[PDB]
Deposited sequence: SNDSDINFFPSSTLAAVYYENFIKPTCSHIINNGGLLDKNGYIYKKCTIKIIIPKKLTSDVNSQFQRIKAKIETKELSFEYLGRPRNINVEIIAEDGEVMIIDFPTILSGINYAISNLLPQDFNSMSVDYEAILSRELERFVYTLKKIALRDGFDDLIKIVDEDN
(Lines of atoms letter the chains of each structure in order from A and count residues from 1; the text may use other names and numbers.)
(Lines give C-alpha, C1' and ligand atoms only; values in the text may rest on other atoms or scores of the structure.)
Protein backbone atom coordinates (compact mmCIF):
# COMPACT_ATOMS: atom_id res chain seq x y z
CA UNK A 1 0.00 0.00 0.00
CA UNK A 2 2.26 2.77 -1.28
CA UNK A 3 -0.52 5.37 -1.02
CA UNK A 4 -0.75 5.19 2.79
CA UNK A 5 2.97 5.77 3.37
CA UNK A 6 3.44 9.18 5.00
CA UNK A 7 6.11 11.13 6.81
CA UNK A 8 5.86 10.92 10.62
CA UNK A 9 5.34 14.69 10.61
CA UNK A 10 2.44 14.43 8.16
CA UNK A 11 0.95 11.56 10.18
CA UNK A 12 1.35 13.27 13.56
CA UNK A 13 0.02 16.61 12.28
CA UNK A 14 -3.24 14.97 11.21
CA UNK A 15 -3.41 13.15 14.56
CA UNK A 16 -2.71 16.38 16.47
CA UNK A 17 -5.37 18.22 14.46
CA UNK A 18 -8.15 15.70 15.10
CA UNK A 19 -7.30 15.30 18.80
CA UNK A 20 -6.71 18.79 20.18
CA UNK A 21 -7.37 21.32 17.37
CA UNK A 22 -10.40 20.37 15.24
CA UNK A 23 -12.70 19.73 18.25
CA UNK A 24 -11.88 23.18 19.63
CA UNK A 25 -12.35 24.91 16.27
CA UNK A 26 -15.66 23.16 15.56
CA UNK A 27 -17.06 24.17 18.96
CA UNK A 28 -16.02 27.82 18.53
CA UNK A 29 -17.69 28.16 15.13
CA UNK A 30 -20.81 26.26 16.25
CA UNK A 31 -21.38 28.56 19.23
CA UNK A 32 -19.92 31.67 17.59
CA UNK A 33 -17.23 31.61 20.25
CA UNK A 34 -16.03 29.86 23.37
CA UNK A 35 -18.87 28.99 25.75
CA UNK A 36 -18.57 28.39 29.51
CA UNK A 37 -19.40 33.23 26.06
CA UNK A 38 -16.32 34.81 24.46
CA UNK A 39 -16.72 36.35 21.01
CA UNK A 40 -13.06 36.65 19.96
CA UNK A 41 -11.04 33.42 20.07
CA UNK A 42 -7.51 32.50 19.03
CA UNK A 43 -5.79 29.11 19.26
CA UNK A 44 -2.07 29.84 19.69
CA UNK A 45 0.07 26.84 18.72
CA UNK A 46 3.66 27.41 19.87
CA UNK A 47 6.33 25.70 17.75
CA UNK A 48 9.95 25.34 18.92
CA UNK A 49 12.59 26.88 16.67
CA UNK A 50 14.49 23.58 16.45
CA UNK A 51 13.55 19.92 16.85
CA UNK A 52 16.07 18.40 19.26
CA UNK A 53 16.30 15.44 21.61
CA UNK A 54 14.09 15.84 24.68
CA UNK A 55 11.42 17.97 23.03
CA UNK A 56 9.68 17.68 26.40
CA UNK A 57 12.43 19.80 27.95
CA UNK A 58 11.92 22.46 25.28
CA UNK A 59 8.18 22.57 25.96
CA UNK A 60 8.70 22.39 29.73
CA UNK A 61 10.84 25.53 29.54
CA UNK A 62 8.27 27.18 27.26
CA UNK A 63 5.23 26.35 29.41
CA UNK A 64 6.85 28.02 32.42
CA UNK A 65 7.13 31.34 30.54
CA UNK A 66 3.35 31.40 29.91
CA UNK A 67 0.63 31.82 32.54
CA UNK A 68 -2.58 29.91 31.80
CA UNK A 69 -5.99 29.47 33.41
CA UNK A 70 -7.91 26.21 33.04
CA UNK A 71 -11.24 26.28 31.20
CA UNK A 72 -13.80 23.65 30.26
CA UNK A 73 -16.38 23.22 27.50
CA UNK A 74 -18.55 20.24 26.60
CA UNK A 75 -18.41 18.77 23.09
CA UNK A 76 -19.57 15.39 21.72
CA UNK A 77 -20.80 14.34 25.16
CA UNK A 78 -17.30 15.01 26.49
CA UNK A 79 -16.08 17.77 28.82
CA UNK A 80 -12.90 19.14 27.24
CA UNK A 81 -10.33 21.25 29.08
CA UNK A 82 -8.08 23.92 27.57
CA UNK A 83 -5.39 26.27 28.86
CA UNK A 84 -6.33 29.89 28.12
CA UNK A 85 -4.42 33.13 28.56
CA UNK A 86 -9.32 34.78 24.69
CA UNK A 87 -6.08 32.98 23.87
CA UNK A 88 -6.20 29.17 23.79
CA UNK A 89 -2.61 28.00 24.34
CA UNK A 90 -1.69 24.51 23.12
CA UNK A 91 1.80 22.99 23.08
CA UNK A 92 2.38 20.27 20.45
CA UNK A 93 4.34 17.88 22.64
CA UNK A 94 3.57 15.29 19.93
CA UNK A 95 6.59 16.66 18.03
CA UNK A 96 8.79 14.30 20.05
CA UNK A 97 7.08 11.46 18.18
CA UNK A 98 8.67 12.53 14.89
CA UNK A 99 12.11 11.50 16.16
CA UNK A 100 10.57 8.48 17.91
CA UNK A 101 9.22 7.17 14.60
CA UNK A 102 12.39 7.80 12.59
CA UNK A 103 14.78 6.29 15.14
CA UNK A 104 12.74 3.13 15.77
CA UNK A 105 11.61 2.50 12.17
CA UNK A 106 14.94 3.17 10.44
CA UNK A 107 17.72 0.51 10.38
CA UNK A 108 24.32 16.79 11.15
CA UNK A 109 22.23 15.28 8.37
CA UNK A 110 19.85 14.06 11.07
CA UNK A 111 19.48 17.61 12.42
CA UNK A 112 18.69 18.66 8.85
CA UNK A 113 16.13 15.84 8.56
CA UNK A 114 14.37 17.04 11.72
CA UNK A 115 14.28 20.62 10.43
CA UNK A 116 12.46 19.41 7.31
CA UNK A 117 10.04 17.35 9.41
CA UNK A 118 9.20 20.32 11.63
CA UNK A 119 8.40 22.34 8.50
CA UNK A 120 6.13 19.62 7.08
CA UNK A 121 4.34 19.35 10.44
CA UNK A 122 3.52 23.08 10.42
CA UNK A 123 2.56 23.20 6.74
CA UNK A 124 0.32 20.15 7.14
CA UNK A 125 -1.54 21.97 9.94
CA UNK A 126 -1.95 25.10 7.81
CA UNK A 127 -3.30 23.02 4.92
CA UNK A 128 -5.99 21.08 6.81
CA UNK A 129 -6.96 24.22 8.74
CA UNK A 130 -7.26 26.10 5.45
CA UNK A 131 -9.32 23.20 4.10
CA UNK A 132 -11.80 23.29 7.00
CA UNK A 133 -12.04 27.09 7.14
CA UNK A 134 -10.18 27.43 10.45
CA UNK A 135 -7.21 29.52 9.28
CA UNK A 136 -8.32 32.67 11.11
CA UNK A 137 -8.83 30.65 14.31
CA UNK A 138 -5.42 28.94 14.40
CA UNK A 139 -2.22 30.97 14.83
CA UNK A 140 1.14 29.20 14.72
CA UNK A 141 3.89 31.13 16.53
CA UNK A 142 7.53 30.44 17.32
CA UNK A 143 9.37 30.76 20.64
### Summary
In deposited-sequence numbering, the unmodelled segments run 1 to 2, 39 to 42, 92 to 98, 121 to 127, 164 to 165
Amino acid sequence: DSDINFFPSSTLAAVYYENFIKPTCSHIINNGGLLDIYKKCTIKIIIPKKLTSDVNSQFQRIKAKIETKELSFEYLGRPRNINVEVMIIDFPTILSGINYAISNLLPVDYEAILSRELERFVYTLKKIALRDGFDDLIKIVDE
From here on, numbers count along this sequence of modelled residues.
### Per the entry, higher mean C-alpha B factor between 44 to 52 and 58 to 66
58 to 66
### Query
Quick one: higher average CA temperature factor, 90 to 98 or 76 to 84?
76 to 84
## Note on the structure
Note to self: of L35, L105, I29, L118, the C-alpha temperature factor tops out at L35
